[PDB]
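In: let me see the structure of the following:
(10 chains, ligands or ions: 20)
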Amino acid sequence: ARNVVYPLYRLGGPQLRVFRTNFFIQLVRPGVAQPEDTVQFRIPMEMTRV
Amino acid sequence: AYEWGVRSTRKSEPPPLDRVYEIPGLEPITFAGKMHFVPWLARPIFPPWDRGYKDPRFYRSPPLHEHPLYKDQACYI
Amino acid sequence: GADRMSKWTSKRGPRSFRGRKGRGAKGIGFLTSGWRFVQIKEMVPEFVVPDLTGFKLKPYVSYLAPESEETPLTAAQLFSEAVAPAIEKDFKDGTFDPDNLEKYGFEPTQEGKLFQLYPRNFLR
Amino acid sequence: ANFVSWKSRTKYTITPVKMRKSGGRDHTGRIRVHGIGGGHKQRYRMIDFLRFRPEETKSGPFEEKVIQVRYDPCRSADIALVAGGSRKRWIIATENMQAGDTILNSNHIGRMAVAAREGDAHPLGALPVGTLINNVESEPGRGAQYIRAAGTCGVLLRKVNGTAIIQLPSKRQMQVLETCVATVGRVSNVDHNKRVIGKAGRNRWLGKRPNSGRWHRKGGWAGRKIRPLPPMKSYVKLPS
Amino acid sequence: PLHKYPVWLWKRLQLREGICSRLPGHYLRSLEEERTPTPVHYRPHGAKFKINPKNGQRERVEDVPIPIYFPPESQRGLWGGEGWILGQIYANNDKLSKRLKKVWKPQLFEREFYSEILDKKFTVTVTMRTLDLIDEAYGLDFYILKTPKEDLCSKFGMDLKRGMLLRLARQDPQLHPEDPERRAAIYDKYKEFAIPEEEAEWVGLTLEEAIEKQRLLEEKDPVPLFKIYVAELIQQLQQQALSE
Amino acid sequence: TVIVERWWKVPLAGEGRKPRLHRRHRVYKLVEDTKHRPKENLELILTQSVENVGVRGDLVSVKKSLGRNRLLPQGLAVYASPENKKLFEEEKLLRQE
RNA sequence: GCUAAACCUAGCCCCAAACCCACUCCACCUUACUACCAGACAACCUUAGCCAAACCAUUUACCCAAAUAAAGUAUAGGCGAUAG
RNA sequence: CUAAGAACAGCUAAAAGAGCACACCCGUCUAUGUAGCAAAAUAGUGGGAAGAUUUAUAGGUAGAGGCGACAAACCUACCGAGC
RNA sequence: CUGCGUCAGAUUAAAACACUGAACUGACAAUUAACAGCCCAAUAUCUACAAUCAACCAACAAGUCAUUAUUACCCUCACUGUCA
RNA sequence: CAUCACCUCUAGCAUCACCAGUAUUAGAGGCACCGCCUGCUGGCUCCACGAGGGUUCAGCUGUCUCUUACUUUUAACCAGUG
Ligand SMILES: [K+]
Ligand SMILES: [K+]
Ligand SMILES: [Mg+2]
Ligand SMILES: [Mg+2]
Ligand SMILES: [Mg+2]
Ligand SMILES: [Mg+2]
Ligand SMILES: [Mg+2]
Ligand SMILES: [Mg+2]
Ligand SMILES: [Mg+2]
Ligand SMILES: [Mg+2]
Ligand SMILES: [Mg+2]
Ligand SMILES: [Mg+2]
Ligand SMILES: [Mg+2]
Ligand SMILES: [Mg+2]
Ligand SMILES: [Mg+2]
Ligand SMILES: [Mg+2]
Ligand SMILES: [Mg+2]
Ligand SMILES: [Mg+2]
Ligand SMILES: [Mg+2]
Ligand SMILES: [Mg+2]
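Out: Numbering: from 1, shown residues only, chains lettered A, B, ... in the order given. Ligands and ions are numbered 1, 2, ... in the order given. Please see the structure below:
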């Protein structure tokens, strides 16, 4: 999630879980030729590939 | 003899304690409750702190004499 | 000749400046010796997605619905709906004491809880 | 200025320590000594000027064997690497010192004088009168500070009541206790003052910058003006 | 435009609201008072009227104090109200000669004193004036207790007063625990300076220190509404049973 | 103590009002430095025998460089407070009786 | 007849009155607007000068808490300029 | 000035603040230009080009001063005292 | 810091031109990490012998590169730069 | 101007410059190598070197006697901008 404070993690701590996410992605058509399996999204800056 | 390490490069002496601590039966008023430094309040004396859990990235070894494999006789390696 | 009224981002500056500045994404690990990054599984936020099979509710609401007035939830309202019914039953029975408030649902301290209320240690 | 002295090492070692030049600048960043700047990079080799420093597990007189006499950039004189027991340290080499020689370091003061050998360290109370000495100390445990430069040598003029008169290379007498440890003989690089720089470029190799081009009419006598007394003020200058 | 209040009144206006208004009443009196300190670096006239020699008339005279600069190091000792005098002088004491900046500094000594109430010795920096004042007060403890705040001119001097007053108020047995008779004797000598513990705990504190002290007394975790509502619910239920 | 005086007269302010100081009112002239005045003798009541006087309760006067340094820190003497005199007066009275 | 020319509001000024503002989430003293590791660094100190004195060198007005009046008086001052 | 880096063909020579001569640095003479391409440039001709060299990066010294192989030079295109 | 990619434009001055006119306006599109940057548990303890093909030889201006002992530790490829 | 070389002056010592140094050193200066001569500091000679300032042999050439021809830019005219 974005614009929220992530709880700090230390060794042996609980798993970080998010139940409601505010990340909204949008599928877009690539402007250039792409491989068949490749899919292009627009994601918020705070979002990682993981 | 000539000591190695000029006093400027060594850690400076901590500032002298405020005179409020020298008066018995007197509780100093410090900035420990404000959680930040201010010049017009006494400097609190913080007790030593322990992390409370084992962290490999921030581990500090015990003193050398406290190591289990410590012998008075030296071994040349 | 530099633009001082534009947003300072990771795309500006030399190589050391560009790699040190980010975009706001939270860190999910740390760097070890040899510039090797170690990703911590517990630092990666895991999505708790429920099963939506056989779910009645839908994104929109039909217009053929009454215009109910809005009643914001308050602490006093929640206490009466949840805790008050239990206390009344115990009050009539005659077994009531402040020592047993933990049994009614009261939490004297937030330590030792997976989801602490203040300060909260969970995401939205 | 954010000036931190490189002299931060606290443990002695024979490893050459990298040092940063000052350029005549103090901690503030302004020039305090002129004509200093640039030159070839140098690594400082720590010198133990306290010749009598017995080991932690040892005491009393001990002996050291010279390993190598080499060139030191920091000082005019050469230095020698010696090994005594299980340690090695740098000392100031004498004029006649080679690899393999054995030097003696003692704090013993006998009833009579002893045969003084060049490079050995004995107290001033056990050295014959007139013997050339170098690397003297003001008081015991102070360390050698005087007669360090290449070829310099002092003179043991006299010894009376536990004190000795040392003739410094500047022909000045100095009185110190007879228990001060000194090194017998002259210092290495006797012909150091006989060198020729050859060109202005070699002075820039030693970290010395050219002098200011201003014509200073001021000097020891020219700049300082004796104030004429009112009676003598009339005779200061006479037209001719 | 104009301000509602003069600018010089804003300092006393901030004491009307906020945590300052919640400070004890006796403490607020000690700050708003402007008692004139005892003259040190100038000779007072001694009378309200004098006869001007030139015209032989009875003219009014006033004592105008000379500003005194107290260095920060003066707050860790007992200078007796002395301090650096930042002023000008005329060369050769001639008005027609040029004017030069002159600073007069007191002579400081690191003398040691012993306090009977605190049973502890201090190595403080004092002037020759402070030594004379302790001699005229017949002991360090009397000097600290008699000398007012504007005359001590030292934060350490006011801290000693607060410490001494608390021992005279709390009747703390920490003073000579092995000699109860001696402890009573010391408290019976300074009995003229008895101050209640409530008022003796704010003596010498500055405005910033008092604000911090008051905030600590007001610092508390908010009461959960569960306890509040349960108290309301039980009280309501008890009243309900009465009607039945 | 440096005691100084203003070269220039300060005009009267009145009752309840602060005087108006000018740039010229910062010019001072030294009147007297109390460090150069003749010394005085501190009056003390001795508790133990000393070389000057060996009688307890006998009022003595010595230089301030002696009472402050030796007599008072060592407990040899006490300040000549009026209350102390009354207490020692009773002690002397018991000796006579 | 082109370029142009005309317009009346926006708002502002001076008073009176009354003592003003700053937590929606997130980020912000490190290279501010940068989630996340042993610090110990800490504040306070006369204003000067231009200018006037036909130079300049002592000196030269600067709200200090009630409008008026006492009064530009007593005083101060290279007993000058001026200050009060 | 400090820190830690980089650059210098070929040839004659020799372990050279050597010679010739590119890159590079500098700017001797002449001409063009003079609101110009340019608030100092252009073309040709020149001095140096393994060294007291040239140069990129970061840091330091600030105006009652700094710095200066003294030209009263320079300190952000008016420095006998910056803005 | 999007600054001759695409499309459209009552378009229309880049020191001339311009319909496709285009180094103008609007919209849309884009530069994908392996390269580079962002590194490291503690406490002690170690590190005399240049470089120059480093072997000759010859130097001074004396130099640009090293650990071990014990304790702790076995989770894994994120982030940012990428156009003209 | 600086410059090796020479000379004068100052300083007997350490924990931020000098310096992690110690009178064969450091600083403040003069002069400008060397060689010869001199006093008890002064004057000549000389190797190379110089975008320094003069002079000169020979050659060279439109520098000139005495200018001329051609090419390019400019130029003038046409169009655009201005
Ligand atoms: K004038
Ligand atoms: K030349
Ligand atoms: Mg700008
Ligand atoms: Mg010189
Ligand atoms: Mg000169
Ligand atoms: Mg009045
Ligand atoms: Mg004038
Ligand atoms: Mg004039
Ligand atoms: Mg050459
Ligand atoms: Mg050449
Ligand atoms: Mg230069
Ligand atoms: Mg000149
Ligand atoms: Mg001139
Ligand atoms: Mg400028
Ligand atoms: Mg990589
Ligand atoms: Mg010259
Ligand atoms: Mg001629
Ligand atoms: Mg000819
Ligand atoms: Mg022809
Ligand atoms: Mg035309």
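
In: give me the number of residues near the nearest residue to residue D:108 once chain neighbours are set aside?
Out: Counting by C-beta to C-beta, 6 or more residues apart in numbering or on different chains, residue D:61 is the residue found nearest to residue D:108 once chain neighbours are left out, at 6.0 Å. All C-beta atoms are positioned from the backbone trio N, CA, C, and that covers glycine. By other C-beta atoms under 10 Å in any protein chain shown, the residues close to residue D:61 number 14.

In: need the contact list for residue D:61.
Out: Residues in contact with residue D:61 (C-beta atoms under 8 Å, 6 or more residues apart in numbering or on different chains) are D:104-108.

In: got it, and residue E:205?
Out: B:29, E:27, E:158, E:162, E:213 are the contacts of residue E:205 under C-beta under 8 Å, 6+ apart.

In: what is the burial count for the residue of chain B found nearest chain E?
Out: The minimum distance from chain B to chain E, using C-beta to the nearest C-beta, falls at residue B:23 (3.8 Å). Residue B:23: 22 surrounding residues under other C-beta under 10 Å.

In: from RNA strand H, how far off is the closest residue in space to it that isn't next to it in sequence?
Out: By the measure of C-beta to C-beta, 6+ apart, the closest residue to residue B:23 outside its immediate chain neighbours is residue E:163, 3.8 Å from it. Distance, residue E:163 to RNA strand H, using C-beta to the nearest atom of the strand, to the nearest Å: 45 Å.

In: hmm, residue B:27 and residue E:163 touching each other?
Out: No - taking contacts as C-beta atoms under 8 Å, residue E:163 lies outside contact range of residue B:27: 10.0 Å.

In: those two - which one has more neighbours?
Out: residue E:163 (24 against 11).

In: which ones are touching that one?
Out: B:23-26, E:118.

In: how about 7 Å then?
Out: B:23, B:25-26, E:118 (C-beta atoms under 7 Å, 6 or more residues apart in numbering or on different chains).

In: quick one: secondary structure of it?
Out: helix (DSSP: H, G, I helix; E, B strand; the rest coil).

In: now the strands: where do they sit in chain C?
Out: Taking DSSP state E as the test, the strands found in chain C are C:29-32, C:36-39, C:46-47.

In: parallel or antiparallel, list what pairs with the shortest one.
Out: Note on strand C:46-47: by DSSP bridges, its sheet partners are strand A:17-18 (parallel).

In: the residue of chain B closest to chain E against residue E:159, yeah?
Out: Yes - between residue B:23 and residue E:159 there is a contact under C-beta atoms under 7 Å: 6.0 Å.

In: surely residue F:27 meets residue F:8?
Out: Yes - between residue F:27 and residue F:8 there is a contact at 6.5 Å, judged by C-beta under 7 Å.

In: find the residue at the geometric middle of chain B.
Out: Note on chain B: the residue nearest the mean C-alpha position is residue B:48, at 7.5 Å, using C-alpha atoms, centre = their mean.

In: taking the centroid of chain A, which residue is nearest it?
Out: residue A:47 (3.6 Å).

In: list the backbone torsions phi and psi for it.
Out: phi -80, psi 140 (degrees, to the nearest 10).

In: ok, it - contacts?
Out: A:23, C:25.

In: could you check how far it is from residue C:26?
Out: Taking C-beta to C-beta, to the nearest Å as the measure, residue A:47 falls 10 Å from residue C:26.

In: now do residue C:87
Out: To residue C:26, residue C:87 is 43 Å away according to C-beta to C-beta.

In: swap in residue E:197?
Out: From residue E:197 to residue C:26 the distance is 53 Å (C-beta to C-beta).

In: so these two - more neighbours on which side?
Out: residue C:26 (16 against 12).
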